Amino acid sequence: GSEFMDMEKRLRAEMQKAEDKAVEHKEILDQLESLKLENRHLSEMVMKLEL
Amino acid sequence: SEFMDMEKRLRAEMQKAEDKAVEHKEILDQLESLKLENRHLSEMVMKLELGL
Amino acid sequence: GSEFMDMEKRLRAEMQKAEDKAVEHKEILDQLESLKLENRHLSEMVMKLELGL
Amino acid sequence: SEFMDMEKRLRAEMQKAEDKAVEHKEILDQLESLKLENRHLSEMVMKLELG
Amino acid sequence: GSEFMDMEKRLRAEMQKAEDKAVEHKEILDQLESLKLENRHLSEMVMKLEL
Amino acid sequence: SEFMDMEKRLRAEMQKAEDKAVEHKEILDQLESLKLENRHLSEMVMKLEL
C-alpha cells in the first residue's frame, strides 16, 4: 500500500546511511594505512641510500 | 601505540555501523519474505475455492 | 529572553525528532504484526477449506 | 527465532528512542517549572514591597 | 590527494557539529544554573522583606 | 534530587560530545602529521639523491 511503501523507502534509505558511514570509516582507515605505507617506503629509500 | 588506538577505535566504530546496515537488511528482507508468503498463501486460498 | 526561546526551540525540535523515531519504530513493529497475523489467518483459511468447512 | 529476536532488537531500540523523548520533555518541563516559580516569586517581592 | 580532501572536510564538518553540540549542552547547563540562582536571589529577597 | 541527576545526565552528555569532537581532531591531526613527515622524508630523498 502507501503507508507500507513509505516505510520501505525509509528503511532502505536508512540502511544506505549506515552503509555510507561504514564506507567513510573504511575511507579513513586505509588512507591512514596508505600514508603509513608511503612513510615506510620513503624511510627505506633513505636507508638504502645512506647505506 | 597511540596511533594504533585511534586505528582500533575507527575499526570498532566501522563495525558498529556495519552491524546497523545488516540489522536493517534483515528487517527489510524479513518484511519481503513475509509478504511473499501472503501472495503465496492467498493464491492457495483462491485456487482452493476455485475447486469447490 | 531570546536565547532562552532559541534553546526551547532547539529542544522541542530535538524532542519531536525523538518522538518521530519512536513512531517509525512502531509502524515497522506494528506492520510486522499485521503481516504475521494475516498469515495465521490466511493459513487458517487454507486449512478450513481443505477440511471442507 | 530469527524473526522474534529482531523484534526484541526493534522494541529495545524503540524504547531507547522514547526514553530520549522523555529526557527532553523532562528538561523542557523542569525549565518551565523553574521559569514559573520565578514569576511566582517575583510577584511576592512586588506584593510585599507594595504593602 | 583529491578524494583525500573531500574526507578531510567531512571530518572537519563532523568535528564542528560535535563542537556545536558540546556548546548547545553548555547553554542548557548555564540557563539552568542561571535560573536556580535567580530563585535564591528572589527567595532570599522575599525572606528579607518578610522579616 | 530529581533536578540533580538531570544536571549530571546532561553534563555527561556534554562530555560525550566533547570527547567525540576531540577524537575527530586526532584523526585530523595524525593525518596532517603523517603528510608532514612524508613530505619531510620526501625532501631527504631528493637532497640525498645527489
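Rule-based calculations on the coordinates, nothing more; no lab input. Cβ: placed from backbone, ideal geometry, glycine included. Neighbour counts: every protein chain shown.
Can you find a residue in region B:45-52 that is closer than 14 Å to C:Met45 by Cβ, of a type outside the set (D, E, K, R), more than 10 Å from chain A (Cβ to nearest Cβ) and not in a helix (DSSP H, G or I)? Checked region B:45-52: at least one residue is closer than 14 Å to C:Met45 by Cβ, of a type outside the set (D, E, K, R), more than 10 Å from chain A (Cβ to nearest Cβ) and not in a helix (DSSP H, G or I).
Summed over region D:2-19, the residues that are among the small types (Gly, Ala, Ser) and at the interface with chain C (Cβ under 7 Å from one of its Cβ atoms) give a count of 1.
State whether one or more residues within region D:19-33 are touching a helix residue (DSSP H, G or I) at 6+ places or on another chain (Cβ under 8 Å) and more than 24 Å from E:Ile28 (Cα to Cα). If you could, list the steps in order and put the result at the bottom.
So in region D:19-33, the residues touching a helix residue (DSSP H, G or I) at 6+ places or on another chain (Cβ under 8 Å) come out as D:20-21, D:23-28, D:30-31.
With the extra rule that they be more than 24 Å from E:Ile28 (Cα to Cα), the set shrinks to none.
No; the residues of region D:19-33 include none that is touching a helix residue (DSSP H, G or I) at 6+ places or on another chain (Cβ under 8 Å) and more than 24 Å from E:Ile28 (Cα to Cα).
One residue stands out among those in region D:9-51 that are loosely packed, with under 15 Cβ neighbours inside 10 Å and among the basic types (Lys, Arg): the one that is nearest to B:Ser33 (Cα to Cα), which is D:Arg9.
Residues in region A:1-44 that are in a helix (DSSP H, G or I) and over 30 Å from B:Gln15 (Cβ atoms): A:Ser2, A:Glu3, A:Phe4, A:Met5, A:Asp6, A:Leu42, A:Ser43, A:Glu44. Here C:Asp6 passes the criteria (1) under 17 Å from B:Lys35 (Cα atoms); (2) more than 16 Å from the chain's Cα centre (by Cα) except the one numbered (1). Considering region B:27-44, the residues that are facing chain A (nearest Cβ under 10 Å) and not hydrophobic (A, V, I, L, M, F, W, C) include one that is farthest from C:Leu53 (Cα to Cα), namely B:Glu32.
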